[PDB]
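To begin, one chain is listed below as C-alpha cells, in the form deposited in one PDB entry.
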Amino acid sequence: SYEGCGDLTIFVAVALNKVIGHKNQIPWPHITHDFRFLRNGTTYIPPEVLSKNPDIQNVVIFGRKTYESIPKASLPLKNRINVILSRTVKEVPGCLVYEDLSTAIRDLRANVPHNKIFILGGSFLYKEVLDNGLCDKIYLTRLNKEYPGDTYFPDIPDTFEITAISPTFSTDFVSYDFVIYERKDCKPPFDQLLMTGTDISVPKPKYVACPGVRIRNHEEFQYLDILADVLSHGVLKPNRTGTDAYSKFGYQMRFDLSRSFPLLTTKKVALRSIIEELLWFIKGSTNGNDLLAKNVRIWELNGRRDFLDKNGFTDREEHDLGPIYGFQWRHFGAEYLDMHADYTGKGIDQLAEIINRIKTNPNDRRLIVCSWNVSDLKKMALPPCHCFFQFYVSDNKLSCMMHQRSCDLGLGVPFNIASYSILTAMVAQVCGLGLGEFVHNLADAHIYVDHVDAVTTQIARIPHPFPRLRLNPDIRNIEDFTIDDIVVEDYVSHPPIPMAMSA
C-alpha cells in the first residue's frame, strides 16, 4: 500500500501542549527565526547533486488547510515544488495537487525530478506519515510554552530518538530550540589517532552524557559533559567534609545570556532558593537566619552549631557565617565584628563601585568584585567558593567571568550558573547595557560519592530548551530588585533529583 513511500522528512513547530494550529492559523505570534530555519532546512541541495542538476529542487507537501495558514507574501513556497493533498480542490496556482499521499509520493518519485521530499503538515498528514512508518527524520522546533489550539502534533513513536539539539533561543514571548529526531534502526582517520603521540587504542570513556545526541549545541551539554568527564576520569580524593569526591581540575563554560537563561533542565532546579541567595548577597547579609526566614535552607548546614564548633568558631552565634560574600561585596576591608553590627559606610563597596565604573568607564580592565579577602579568611564559616568575578563591556553588551575555586557539581554548580546569570542581567539593566556572556571557570570540580547515582541518572536525560529571564524594566538600582522583579519564564524541566549536601 505504501510501497516506495518512505523516507519522508517532517518539519514542524510544536507548543508544549503539542498544539500546532489554532483556527487554521499558527497558534503563537510568528517566530521569523523559525520560518528562516524551515526555509533553510527545506531548500537545501547538496553541492554534488546541484552541480549535476542545477535546476533541481526539494518537494514540500501540505494539506490544503495548512497551505492557507501561509500568506501570499510567501506563497507558493519559493524554490521548492509545492504539493497539496486534497479531496475537495482540483487545482491550485503554483502547485501540484493529489488526492492522497501514496499516489503523490509514487507520482513524484517516478515522474517529477526532485531532490528530497519534506512533509509540512498538518495533523492529518503527519498522523498518516507516522502511523505508517513513512518518516525517518523529524526537524522539530520546540516551544517551551502552551498555546491555545485545536490541531496537534501526534506523539513521536519510541522508534525515534533525538540526535541533534540546537542552542536555545528566545523572542520576548517564548523560548525555543530546534531538534532532530531520527529512526534508531537507520541512524576517525588514523593520522588523527597517531598524531596525538599517545595510545592509538584509547578505550571510550565510562560515562557519556546523552550518547545518542550527535549534534550537541544546547549549552547544557557543557555541564553534562563535565559531569561525564569527572565520573569517567576524576580522581577520588578525601576532602574537608569527610565525604570523598571524584575530582578533576580546570574547566570553562560559557552561556549566551541574550538568548536564554541557563537554569538546568535535566533536573528541576530550586530557582526560588537561588534568587533569595543572590538578593541576600546583594544586600550584604552574612546572617543565615535571613535565608532560613525565607524558607531557604542551603546555608543552614555551614552555620549550624556543630559545624561552627568543629571549626573553632565556639563564640560564633549559630548562622553567623562570618565575613563571607555579602560582607566582602559591600564592606571589603571593614572589621568584622558579628552579623548584627552596623557596617554602614565602612570598608569598600565593591558592588556599588563596579556598577558605577561600568557606567562611567566601560573600557576599564579592572571591573572586579573579589571575595577572597585573605585577611578575613580565618573568620569565615566557609571561604567563598565563587571567590572572584569580573565584568566586561563591548558593543553595548555586558559579560561576566567568575572564578570558582571548588565546585560541587551535583549541588552548587547549577546554583552558581543561574546566580551569576541573574547578577549579570541585573548589572546590565541598571547600566543600560545589552547582554553578552557568562563565563564560568571551574578549578577543583568534583562529584561527592553519594551523588554518583544521582548524576548518572541525570546525564542520560535529554535537555529541554532553556527558559528565559525577564527583569522588571523599571528597576533602576541593583539594591531595589525584589523576588517579584526576577521572573523566569517557560521553564520546562525533568524531575528533581535529591542530593544531600556534605557540610
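Start at 1 and count along the sequence shown; that's the residue number. Rigid core (definition): largest C-alpha set, two forms, superposition within 1.5 Å.
- Note: missing coordinates for residue 290 occur in none of the other compared entries bracketing this position, so the one-third threshold is not reached.
- Note: missing coordinates for residue 48 occur in a third or more of the other compared entries bracketing this position.
- The modelled chain is continuous from residue 379 to residue 380, since every residue of the deposited sequence in that stretch has coordinates.
- If you average the C-alpha B-factors over 80-88 and over 352-360, the higher value belongs to 80-88.
- Higher mean CA temperature factor, per the PDB entry, when comparing 202-210 with 328-336: 202-210.
- In this entry, the residue among 127, 283, 259, 240 with the greatest C-alpha B factor is 127.
- Taking the deposited Cα B-factors for 468, 464, 65, 33, the highest one is held by 65.
- Per-chain ranking of the deposited C-alpha B factor places residue 448 in the lowest third.
- Ranked by Cα temperature factor within the chain, residue 101 sits in the highest third according to the deposited record.
- Remark: residue 181 belongs to the middle third of its chain, ranked by C-alpha B-factor as recorded.
- Among the modelled residues of the chain, residue 291 sits in the middle third by CA temperature factor in this PDB entry.
- Annotation for residue 52: C-alpha temperature factor in the highest third relative to the rest of the modelled chain, per the entry.
What comes next is about the form deposited in another entry, which is not displayed.
- For the set 330, 142, 386, 316, a Cα shift of at least 2 angstroms between this form and the one not shown, after rigid core superposition, holds for 316 and for no other residue.
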